[PDB]
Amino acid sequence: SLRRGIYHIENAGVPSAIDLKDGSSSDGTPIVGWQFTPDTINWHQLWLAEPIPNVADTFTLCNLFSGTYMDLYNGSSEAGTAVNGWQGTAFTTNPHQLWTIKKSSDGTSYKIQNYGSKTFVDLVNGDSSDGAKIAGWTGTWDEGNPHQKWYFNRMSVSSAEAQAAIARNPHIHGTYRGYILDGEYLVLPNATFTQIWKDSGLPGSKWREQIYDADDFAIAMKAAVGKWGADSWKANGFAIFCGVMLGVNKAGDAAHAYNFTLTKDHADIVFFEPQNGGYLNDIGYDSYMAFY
């Protein structure tokens, strides 16, 4: 089963992602194929999949940027029916905005079927052009047709997955306690994490005894990433991943506060020094507390 989370949905035949054109929130904004840059935020190409209770393998797909939903125009079963962004809600009964998403016959890519029409999301003619039509189209669950096959590239972690990444780190103190704040987190590329730090004003901040020391830098960086999340995205029901840690040195006679993020593969954490924007696999402290 596809898990709740944020996905970059990439065609199996050509390197085009599912893109809400210009990120527009207007009802009837086309959803098109468009090229993408790996290890960036692809602003118009992130989709929050919300599972519908009591309907197997069926979701709403909310564009993270617009807050509008993938919508099969008037729910038509005609091949070539427009797929657009449309206002909706996460747990709608509107079958225009309900999608059954199950593994294709290759067992790695998915097919996306409209719950009402039973037609499939189709990159028409496998066109790799920027702005290529995506439509509802006749098809079957089992056929090889790459026009209708989609890799769901997972961009988010659960709190359970973030907890597992911390737990397998070699720099955790015996007394460690973690405090989880949210459920599902967008994982930032370091390039984006760095840009939020640069735009925070922290690079210019000076260390001062107690009044602006490590704990002030680490909390300011978490607040900046929280503010950036709310200001950047119109969808709800996720958070941005940015942790605060307190740590103690080997000798047990000095402590430090810092941030952490996750690797590309979501398996491990990486420490971030908000006083100089450095990423470290070893920051010289073992964490005794985190909140994220």
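In this text, residue numbers run from 1 along the sequence as written.
A.B. asks: Pick between 133 to 141 and 87 to 95: the one whose mean CA B-factor in the entry is higher.
C.D. replies: It is 87 to 95 that shows the higher mean C-alpha B-factor.
A.B. asks: On average, which has the higher Cα B-factor in the deposited entry, 22 to 30 or 250 to 258?
C.D. replies: The deposited B-factors put 250 to 258 ahead on the C-alpha mean.
A.B. asks: Taking the values exactly as deposited, rank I269 by C-alpha B-factor within its chain and report the matching third: lowest, middle or highest.
C.D. replies: For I269, whose C-alpha B-factor we compare with every modelled residue in the chain, the answer is the middle third.
A.B. asks: Classify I52 as lowest, middle or highest third according to the C-alpha B-factor given in the PDB entry, relative to its own chain.
C.D. replies: Tercile = highest for this residue's CA B-factor.
A.B. asks: Check where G116 lands among this chain's C-alpha B-factors and tell me if it's the lowest, middle or highest third.
C.D. replies: As the PDB entry reports it, the C-alpha B-factor of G116 lands in the highest third of its chain.
A.B. asks: Going by the entry, which third of its chain does the Cα temperature factor of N276 land in?
C.D. replies: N276: CA B-factor falls in the middle third of its chain.
A.B. asks: When the deposited Cα B-factors of this chain's modelled residues are ordered and cut into thirds, is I196 in the lowest, the middle or the highest one?
C.D. replies: Lowest third.
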